[PDB]
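Colleague: Pasting my_file.cif here (mmCIF, C-alpha atoms):
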data_query
loop_
_atom_site.label_atom_id
_atom_site.label_comp_id
_atom_site.auth_asym_id
_atom_site.auth_seq_id
_atom_site.Cartn_x
_atom_site.Cartn_y
_atom_site.Cartn_z
CA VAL A 1 -64.78 -5.39 35.30
CA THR A 2 -66.63 -5.99 32.03
CA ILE A 3 -66.41 -3.14 29.52
CA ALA A 4 -68.61 -3.60 26.46
CA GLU A 5 -66.99 -0.77 24.45
CA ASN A 6 -63.88 1.41 24.35
CA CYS A 7 -61.75 1.81 27.47
CA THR A 8 -59.23 4.66 27.43
CA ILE A 9 -56.40 4.88 29.98
CA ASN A 10 -54.54 8.21 29.85
CA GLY A 11 -51.80 7.13 32.25
CA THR A 12 -49.91 3.88 32.84
CA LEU A 13 -51.57 0.47 32.47
CA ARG A 14 -49.96 -2.22 34.64
CA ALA A 15 -51.45 -5.57 33.61
CA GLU A 16 -50.09 -9.00 34.50
CA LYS A 17 -51.71 -11.07 31.74
CA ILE A 18 -52.74 -9.65 28.35
CA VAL A 19 -54.90 -11.84 26.11
CA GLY A 20 -55.32 -9.29 23.32
CA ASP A 21 -54.03 -9.23 19.75
CA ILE A 22 -50.44 -8.59 20.84
CA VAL A 23 -47.60 -10.75 19.49
CA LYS A 24 -46.00 -13.53 21.49
CA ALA A 25 -42.41 -14.44 20.72
CA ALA A 26 -39.84 -17.06 21.67
CA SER A 27 -36.40 -17.76 20.25
CA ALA A 28 -33.46 -20.10 20.73
CA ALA A 29 -30.27 -21.27 19.04
CA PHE A 30 -29.56 -24.89 18.18
CA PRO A 31 -27.04 -26.66 20.44
CA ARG A 32 -23.51 -26.66 19.03
CA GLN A 33 -21.32 -29.76 18.87
CA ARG A 34 -17.61 -29.02 18.58
CA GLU A 35 -14.22 -30.61 18.11
CA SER A 36 -10.74 -29.08 18.07
CA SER A 37 -11.42 -25.59 16.72
CA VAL A 38 -14.70 -25.97 14.80
CA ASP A 39 -18.32 -26.44 15.87
CA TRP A 40 -21.54 -27.13 14.00
CA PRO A 41 -25.24 -26.98 14.90
CA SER A 42 -26.63 -30.33 16.02
CA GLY A 43 -29.51 -30.74 18.43
CA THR A 44 -33.19 -30.25 19.13
CA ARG A 45 -35.26 -27.31 20.36
CA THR A 46 -38.78 -27.81 21.70
CA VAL A 47 -41.29 -24.94 21.68
CA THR A 48 -44.49 -25.32 23.71
CA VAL A 49 -47.50 -23.05 23.19
CA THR A 50 -50.33 -23.27 25.73
CA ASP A 51 -53.95 -22.94 24.62
CA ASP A 52 -54.76 -20.26 27.20
CA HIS A 53 -56.59 -18.01 24.72
CA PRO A 54 -60.27 -18.01 23.71
CA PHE A 55 -59.57 -17.43 20.00
CA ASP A 56 -57.64 -19.36 17.38
CA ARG A 57 -54.00 -18.42 16.86
CA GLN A 58 -51.28 -18.78 14.25
CA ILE A 59 -47.78 -19.93 15.18
CA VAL A 60 -45.46 -18.40 12.58
CA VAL A 61 -41.96 -19.82 12.26
CA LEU A 62 -39.82 -17.00 10.87
CA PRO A 63 -37.27 -17.70 8.10
CA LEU A 64 -34.74 -20.28 9.30
CA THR A 65 -31.78 -20.61 6.93
CA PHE A 66 -29.82 -23.86 6.96
CA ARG A 67 -26.98 -24.82 4.64
CA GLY A 68 -24.49 -27.67 4.21
CA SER A 69 -21.16 -27.65 2.41
CA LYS A 70 -19.06 -29.33 -0.27
CA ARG A 71 -15.32 -29.97 -0.06
CA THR A 72 -13.06 -31.32 -2.81
CA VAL A 73 -9.78 -32.87 -1.63
CA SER A 74 -7.42 -34.65 -4.06
CA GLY A 75 -10.17 -34.64 -6.67
CA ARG A 76 -12.55 -36.48 -4.32
CA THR A 77 -15.72 -34.55 -3.49
CA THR A 78 -17.55 -34.90 -0.17
CA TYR A 79 -20.79 -33.35 1.06
CA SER A 80 -21.82 -32.22 4.53
CA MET A 81 -25.62 -32.24 4.60
CA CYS A 82 -27.78 -30.30 7.05
CA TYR A 83 -31.07 -32.02 7.90
CA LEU A 84 -33.89 -30.08 9.57
CA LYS A 85 -36.91 -32.03 10.81
CA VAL A 86 -39.88 -30.16 12.26
CA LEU A 87 -42.55 -32.08 14.19
CA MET A 88 -45.94 -30.78 15.31
CA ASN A 89 -47.17 -32.81 18.30
CA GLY A 90 -44.96 -35.71 17.25
CA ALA A 91 -46.08 -35.74 13.59
CA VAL A 92 -43.53 -34.82 10.92
CA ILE A 93 -44.55 -31.56 9.26
CA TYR A 94 -41.20 -30.66 7.67
CA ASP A 95 -38.19 -32.70 6.55
CA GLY A 96 -35.61 -30.66 4.65
CA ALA A 97 -32.02 -31.21 3.57
CA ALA A 98 -29.35 -28.75 2.44
CA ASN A 99 -26.09 -29.57 0.66
CA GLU A 100 -24.69 -26.41 -0.97
CA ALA A 101 -27.45 -23.84 -1.45
CA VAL A 102 -29.27 -22.31 1.50
CA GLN A 103 -32.72 -23.61 2.39
CA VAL A 104 -35.25 -21.35 4.12
CA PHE A 105 -37.99 -22.75 6.35
CA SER A 106 -40.83 -20.42 7.37
CA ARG A 107 -44.26 -21.77 8.17
CA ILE A 108 -47.72 -21.11 9.62
CA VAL A 109 -49.12 -23.61 12.13
CA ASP A 110 -52.82 -23.15 12.86
CA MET A 111 -53.46 -23.73 16.56
CA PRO A 112 -57.18 -23.53 17.43
CA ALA A 113 -58.76 -22.79 20.79
CA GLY A 114 -59.31 -25.73 23.11
CA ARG A 115 -57.53 -28.34 20.99
CA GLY A 116 -54.64 -28.48 23.47
CA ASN A 117 -51.03 -27.41 23.79
CA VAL A 118 -49.01 -27.29 20.57
CA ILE A 119 -45.46 -28.67 20.69
CA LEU A 120 -43.07 -27.80 17.85
CA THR A 121 -39.85 -29.82 17.75
CA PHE A 122 -36.94 -28.61 15.60
CA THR A 123 -34.23 -31.26 15.20
CA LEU A 124 -31.12 -30.37 13.21
CA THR A 125 -28.41 -32.87 12.27
CA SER A 126 -25.11 -32.43 10.44
CA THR A 127 -23.22 -35.17 8.59
CA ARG A 128 -19.45 -35.16 8.31
CA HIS A 129 -17.46 -35.08 5.09
CA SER A 130 -15.60 -38.22 6.18
CA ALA A 131 -14.36 -39.98 9.30
CA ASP A 132 -11.60 -37.36 9.73
CA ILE A 133 -13.25 -34.12 8.53
CA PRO A 134 -16.00 -32.83 10.86
CA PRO A 135 -19.30 -31.46 9.52
CA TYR A 136 -19.25 -27.85 8.27
CA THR A 137 -22.85 -26.62 8.27
CA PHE A 138 -24.76 -23.47 9.17
CA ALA A 139 -28.18 -23.01 10.77
CA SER A 140 -29.77 -19.80 12.00
CA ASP A 141 -31.75 -19.36 15.21
CA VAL A 142 -35.26 -20.74 15.59
CA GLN A 143 -37.72 -17.89 16.17
CA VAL A 144 -41.45 -18.43 16.75
CA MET A 145 -44.24 -15.87 17.04
CA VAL A 146 -47.88 -16.35 18.01
CA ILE A 147 -50.46 -14.06 16.39
CA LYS A 148 -54.22 -13.71 16.60
CA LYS A 149 -55.65 -14.40 13.10
CA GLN A 150 -58.52 -12.29 11.70
CA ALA A 151 -57.41 -9.42 13.92
CA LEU A 152 -58.70 -5.88 13.45
CA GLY A 153 -55.24 -4.28 13.39
CA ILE A 154 -53.64 -6.11 10.45
CA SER A 155 -55.67 -8.22 8.04
CA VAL A 156 -54.26 -10.55 5.40
CA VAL A 157 -56.20 -12.05 2.50
CA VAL H 1 -64.53 3.90 30.79
CA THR H 2 -62.09 6.81 30.80
CA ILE H 3 -59.16 6.72 33.24
CA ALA H 4 -56.98 9.81 33.66
CA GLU H 5 -54.12 8.09 35.55
CA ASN H 6 -52.63 4.65 36.16
CA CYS H 7 -54.84 1.55 35.95
CA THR H 8 -53.60 -1.65 37.60
CA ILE H 9 -54.91 -5.16 36.93
CA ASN H 10 -53.81 -7.96 39.26
CA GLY H 11 -55.39 -10.68 37.13
CA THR H 12 -55.99 -11.25 33.42
CA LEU H 13 -56.61 -8.36 31.02
CA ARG H 14 -58.56 -9.46 27.93
CA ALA H 15 -59.07 -6.79 25.27
CA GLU H 16 -60.11 -7.25 21.65
CA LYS H 17 -58.22 -4.29 20.14
CA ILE H 18 -55.22 -2.68 21.84
CA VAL H 19 -54.09 0.72 20.57
CA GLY H 20 -50.67 1.83 21.72
CA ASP H 21 -46.94 1.01 21.78
CA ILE H 22 -47.60 -2.58 20.70
CA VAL H 23 -46.34 -4.87 17.93
CA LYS H 24 -49.05 -6.00 15.53
CA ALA H 25 -48.42 -8.86 13.13
CA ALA H 26 -49.89 -10.88 10.26
CA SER H 27 -48.62 -13.63 7.99
CA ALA H 28 -49.67 -15.72 5.00
CA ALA H 29 -48.25 -18.02 2.34
CA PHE H 30 -48.43 -17.51 -1.41
CA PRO H 31 -50.98 -19.60 -3.34
CA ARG H 32 -49.47 -22.69 -4.95
CA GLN H 33 -50.22 -23.81 -8.50
CA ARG H 34 -49.56 -27.48 -9.18
CA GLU H 35 -49.52 -30.08 -11.92
CA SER H 36 -48.83 -33.82 -11.82
CA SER H 37 -46.53 -34.06 -8.78
CA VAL H 38 -44.88 -30.61 -8.77
CA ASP H 39 -46.19 -27.34 -7.32
CA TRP H 40 -44.79 -23.81 -7.31
CA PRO H 41 -45.81 -20.56 -5.58
CA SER H 42 -47.79 -18.24 -7.84
CA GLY H 43 -50.45 -15.83 -6.63
CA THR H 44 -51.36 -12.66 -4.79
CA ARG H 45 -51.54 -11.76 -1.10
CA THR H 46 -52.89 -8.55 0.41
CA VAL H 47 -52.01 -7.05 3.80
CA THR H 48 -54.26 -4.24 5.04
CA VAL H 49 -53.26 -2.03 7.97
CA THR H 50 -55.91 0.22 9.50
CA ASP H 51 -55.19 3.82 10.53
CA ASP H 52 -56.59 3.58 14.06
#
Please go through the file and, once you have read it, give me the structure as structure tokens.
Modeller:
Amino acid sequence: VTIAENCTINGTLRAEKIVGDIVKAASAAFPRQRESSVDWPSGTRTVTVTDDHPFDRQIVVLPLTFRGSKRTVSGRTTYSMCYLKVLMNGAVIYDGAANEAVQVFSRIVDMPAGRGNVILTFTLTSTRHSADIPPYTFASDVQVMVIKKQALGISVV
Amino acid sequence: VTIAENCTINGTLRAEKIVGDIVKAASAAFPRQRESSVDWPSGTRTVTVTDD
């Protein structure tokens, strides 16, 4: 069926695939490495978006908050840094580090139509205070949405 | 087309605008003003939502 203008269903629409201006969403938590009683985020999450749409799309990475720590023992101060590296199709697009203050990563990745699948890799690494004290870092979940760009519902200029 | 009851699609539904029980979204970044080797966010963004 090809409808050139408005189509109005007054009941229930049961569609398998929708290629409209709806939102797509995926989410995951970083793998946790643990010892004794404490764990920290350390690992990689790979998000694949297929180019199965006829219009360009925006992949929005929602605010991801990552933070390290500082510990002073016997007057000696040690840092536990949290490194977040974000790759688009194998090319580094973000490389951030947190020591004490929180760092927030939220980005827009322009995926066009027909260019191919877009792969976003989020690698997070935590460094220990010393050989005996494990890393003490925090990192929130990675959440990714796909939106339409230049849509008629919401516009942004 | 006007349908008074359920409509079922066994393939791909491709609509430009969808009006009902859906989650719309938009996003942008603030303009950045820069000098030498340092930039900072400073600017205006507008989000318009249509009453449709």
Colleague: How close does each residue of chain H get to chain A, giving the shortest atom pair and distance in Å to one decimal for every residue with an atom at most 9 Å away, counting all atoms listed in the file, sorted by chain and residue number, as JSON lines?
Modeller:
{"residue": "H:1", "atom": "CA", "partner": "A:7", "partner_atom": "CA", "distance": 4.8}
{"residue": "H:2", "atom": "CA", "partner": "A:8", "partner_atom": "CA", "distance": 4.9}
{"residue": "H:3", "atom": "CA", "partner": "A:9", "partner_atom": "CA", "distance": 4.7}
{"residue": "H:4", "atom": "CA", "partner": "A:10", "partner_atom": "CA", "distance": 4.8}
{"residue": "H:5", "atom": "CA", "partner": "A:11", "partner_atom": "CA", "distance": 4.1}
{"residue": "H:6", "atom": "CA", "partner": "A:12", "partner_atom": "CA", "distance": 4.4}
{"residue": "H:7", "atom": "CA", "partner": "A:13", "partner_atom": "CA", "distance": 4.9}
{"residue": "H:8", "atom": "CA", "partner": "A:14", "partner_atom": "CA", "distance": 4.7}
{"residue": "H:9", "atom": "CA", "partner": "A:15", "partner_atom": "CA", "distance": 4.8}
{"residue": "H:10", "atom": "CA", "partner": "A:16", "partner_atom": "CA", "distance": 6.1}
{"residue": "H:11", "atom": "CA", "partner": "A:16", "partner_atom": "CA", "distance": 6.2}
{"residue": "H:12", "atom": "CA", "partner": "A:17", "partner_atom": "CA", "distance": 4.6}
{"residue": "H:13", "atom": "CA", "partner": "A:18", "partner_atom": "CA", "distance": 4.9}
{"residue": "H:14", "atom": "CA", "partner": "A:19", "partner_atom": "CA", "distance": 4.7}
{"residue": "H:15", "atom": "CA", "partner": "A:20", "partner_atom": "CA", "distance": 4.9}
{"residue": "H:16", "atom": "CA", "partner": "A:20", "partner_atom": "CA", "distance": 5.5}
{"residue": "H:17", "atom": "CA", "partner": "A:21", "partner_atom": "CA", "distance": 6.5}
{"residue": "H:18", "atom": "CA", "partner": "A:20", "partner_atom": "CA", "distance": 6.8}
{"residue": "H:19", "atom": "CA", "partner": "A:153", "partner_atom": "CA", "distance": 8.8}
{"residue": "H:22", "atom": "CA", "partner": "A:22", "partner_atom": "CA", "distance": 6.6}
{"residue": "H:23", "atom": "CA", "partner": "A:23", "partner_atom": "CA", "distance": 6.2}
{"residue": "H:24", "atom": "CA", "partner": "A:22", "partner_atom": "CA", "distance": 6.1}
{"residue": "H:25", "atom": "CA", "partner": "A:147", "partner_atom": "CA", "distance": 6.5}
{"residue": "H:26", "atom": "CA", "partner": "A:154", "partner_atom": "CA", "distance": 6.1}
{"residue": "H:27", "atom": "CA", "partner": "A:156", "partner_atom": "CA", "distance": 6.9}
{"residue": "H:28", "atom": "CA", "partner": "A:156", "partner_atom": "CA", "distance": 6.9}
{"residue": "H:29", "atom": "CA", "partner": "A:108", "partner_atom": "CA", "distance": 7.9}
{"residue": "H:44", "atom": "CA", "partner": "A:157", "partner_atom": "CA", "distance": 8.8}
{"residue": "H:45", "atom": "CA", "partner": "A:157", "partner_atom": "CA", "distance": 5.9}
{"residue": "H:46", "atom": "CA", "partner": "A:157", "partner_atom": "CA", "distance": 5.3}
{"residue": "H:47", "atom": "CA", "partner": "A:156", "partner_atom": "CA", "distance": 4.5}
{"residue": "H:48", "atom": "CA", "partner": "A:155", "partner_atom": "CA", "distance": 5.2}
{"residue": "H:49", "atom": "CA", "partner": "A:154", "partner_atom": "CA", "distance": 4.8}
{"residue": "H:50", "atom": "CA", "partner": "A:153", "partner_atom": "CA", "distance": 6.0}
{"residue": "H:51", "atom": "CA", "partner": "A:153", "partner_atom": "CA", "distance": 8.6}
{"residue": "H:52", "atom": "CA", "partner": "A:153", "partner_atom": "CA", "distance": 8.0}
Colleague: I'd like the interatomic distance between atom CA of residue A:30 and atom CA of residue A:132, to a tenth of an Å.
Modeller: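 It comes out at 23.4 Å.
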Colleague: Excluding residue A:87 and its own-chain neighbours fewer than 4 positions away, which residues fall within 8 Å of it when counting all atoms listed in the file? Please give them as a list in words.
Modeller: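 Listed by chain and then number, they are residues 91, 92, 93, 94, 119, 120, 121 and 122 of chain A.
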Colleague: Deliver the residues from the most recent selection as a file, using C-alpha atoms, as a PDB file, keeping the file's coordinate frame.
Modeller:
ATOM      1  CA  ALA A  91     -46.080 -35.740  13.590  1.00  0.00           C
ATOM      2  CA  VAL A  92     -43.530 -34.820  10.920  1.00  0.00           C
ATOM      3  CA  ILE A  93     -44.550 -31.560   9.260  1.00  0.00           C
ATOM      4  CA  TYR A  94     -41.200 -30.660   7.670  1.00  0.00           C
ATOM      5  CA  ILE A 119     -45.460 -28.670  20.690  1.00  0.00           C
ATOM      6  CA  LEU A 120     -43.070 -27.800  17.850  1.00  0.00           C
ATOM      7  CA  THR A 121     -39.850 -29.820  17.750  1.00  0.00           C
ATOM      8  CA  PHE A 122     -36.940 -28.610  15.600  1.00  0.00           C
TER       9      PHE A 122
END
Colleague: Skipping near chain neighbours, those fewer than 2 positions away, what residues fall within 12 Å of stretch 31-44 of chain A using all atoms listed in the file, listed as a compact mmCIF listing (two decimals) with C-alpha atoms, in the coordinates of the input?
Modeller:
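This is the output file result.txt:
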# COMPACT_ATOMS: atom_id res chain seq x y z
CA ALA A 28 -33.46 -20.10 20.73
CA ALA A 29 -30.27 -21.27 19.04
CA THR A 46 -38.78 -27.81 21.70
CA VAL A 47 -41.29 -24.94 21.68
CA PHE A 66 -29.82 -23.86 6.96
CA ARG A 67 -26.98 -24.82 4.64
CA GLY A 68 -24.49 -27.67 4.21
CA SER A 69 -21.16 -27.65 2.41
CA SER A 80 -21.82 -32.22 4.53
CA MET A 81 -25.62 -32.24 4.60
CA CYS A 82 -27.78 -30.30 7.05
CA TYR A 83 -31.07 -32.02 7.90
CA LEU A 84 -33.89 -30.08 9.57
CA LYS A 85 -36.91 -32.03 10.81
CA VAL A 86 -39.88 -30.16 12.26
CA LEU A 87 -42.55 -32.08 14.19
CA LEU A 120 -43.07 -27.80 17.85
CA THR A 121 -39.85 -29.82 17.75
CA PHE A 122 -36.94 -28.61 15.60
CA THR A 123 -34.23 -31.26 15.20
CA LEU A 124 -31.12 -30.37 13.21
CA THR A 125 -28.41 -32.87 12.27
CA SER A 126 -25.11 -32.43 10.44
CA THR A 127 -23.22 -35.17 8.59
CA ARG A 128 -19.45 -35.16 8.31
CA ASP A 132 -11.60 -37.36 9.73
CA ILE A 133 -13.25 -34.12 8.53
CA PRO A 134 -16.00 -32.83 10.86
CA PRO A 135 -19.30 -31.46 9.52
CA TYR A 136 -19.25 -27.85 8.27
CA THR A 137 -22.85 -26.62 8.27
CA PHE A 138 -24.76 -23.47 9.17
CA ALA A 139 -28.18 -23.01 10.77
CA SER A 140 -29.77 -19.80 12.00
CA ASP A 141 -31.75 -19.36 15.21
CA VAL A 142 -35.26 -20.74 15.59
Colleague: Work out how far apart atom CA of residue A:64 and atom CA of residue A:96 are and give it in Å to one decimal.
Modeller: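 Value for the atom CA of residue A:64-atom CA of residue A:96 distance: 11.4 Å.
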Colleague: Could you tell me how far atom CA of residue A:27 lies from atom CA of residue A:49, in Å and to one decimal?
Modeller: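 Answer for the atom CA of residue A:27 to atom CA of residue A:49 separation: 12.6 Å.
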Colleague: Could you state which residues are captured by the PyMOL selection byres ((chain H and resi 42) around 7) in this file, as a list in words?
Modeller: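 Here the PyMOL selection byres ((chain H and resi 42) around 7) matches residues 30, 31, 32, 33, 40, 41 and 43 of chain H.
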Colleague: Give me the box for stretch 47-60 of chain A as lines of an AutoDock Vina configuration file, namely the centre and edge lengths in Å to one decimal of a box along x, y and z that holds every listed atom plus 8 Å on each side.
Modeller:
center_x = -50.8
center_y = -21.4
center_z = 19.9
size_x = 35.0
size_y = 23.9
size_z = 30.6
Colleague: Once N, CA and C atoms are restored for stretch 14-32 of chain H, what would the output be as a compact mmCIF listing (two decimals), in the coordinates of the input?
Modeller:
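Saved the output as part12.txt:
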# COMPACT_ATOMS: atom_id res chain seq x y z
N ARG H 14 -58.14 -8.88 29.21
CA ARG H 14 -58.56 -9.46 27.93
C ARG H 14 -59.24 -8.37 27.12
N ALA H 15 -58.52 -7.80 26.16
CA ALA H 15 -59.07 -6.79 25.27
C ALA H 15 -59.07 -7.31 23.84
N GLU H 16 -60.04 -6.84 23.05
CA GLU H 16 -60.11 -7.25 21.65
C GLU H 16 -59.10 -6.48 20.81
N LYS H 17 -59.16 -5.15 20.85
CA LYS H 17 -58.22 -4.29 20.14
C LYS H 17 -57.43 -3.48 21.15
N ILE H 18 -56.11 -3.44 20.98
CA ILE H 18 -55.22 -2.68 21.84
C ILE H 18 -54.54 -1.63 20.97
N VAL H 19 -54.66 -0.36 21.36
CA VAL H 19 -54.09 0.72 20.57
C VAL H 19 -53.04 1.47 21.38
N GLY H 20 -51.79 1.02 21.29
CA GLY H 20 -50.67 1.83 21.72
C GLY H 20 -49.41 1.05 22.00
N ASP H 21 -48.28 1.55 21.50
CA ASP H 21 -46.94 1.01 21.78
C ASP H 21 -46.91 -0.52 21.80
N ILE H 22 -47.54 -1.13 20.80
CA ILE H 22 -47.60 -2.58 20.70
C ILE H 22 -47.15 -3.01 19.30
N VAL H 23 -46.85 -4.30 19.17
CA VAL H 23 -46.34 -4.87 17.93
C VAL H 23 -47.44 -5.72 17.32
N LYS H 24 -48.04 -5.23 16.24
CA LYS H 24 -49.05 -6.00 15.53
C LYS H 24 -48.36 -6.90 14.51
N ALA H 25 -49.05 -7.96 14.09
CA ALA H 25 -48.42 -8.86 13.13
C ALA H 25 -49.47 -9.62 12.33
N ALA H 26 -49.08 -10.03 11.13
CA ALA H 26 -49.89 -10.88 10.26
C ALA H 26 -48.96 -11.67 9.36
N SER H 27 -49.46 -12.78 8.83
CA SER H 27 -48.62 -13.63 7.99
C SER H 27 -49.49 -14.53 7.12
N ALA H 28 -49.00 -14.81 5.92
CA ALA H 28 -49.67 -15.72 5.00
C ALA H 28 -48.65 -16.32 4.05
N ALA H 29 -49.08 -17.35 3.33
CA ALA H 29 -48.25 -18.02 2.34
C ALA H 29 -48.85 -17.80 0.95
N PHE H 30 -47.97 -17.74 -0.05
CA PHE H 30 -48.43 -17.51 -1.41
C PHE H 30 -49.23 -18.70 -1.92
N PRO H 31 -50.25 -18.47 -2.74
CA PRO H 31 -50.98 -19.60 -3.34
C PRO H 31 -50.06 -20.44 -4.22
N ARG H 32 -50.30 -21.74 -4.22
CA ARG H 32 -49.47 -22.69 -4.95
C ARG H 32 -50.26 -23.26 -6.12
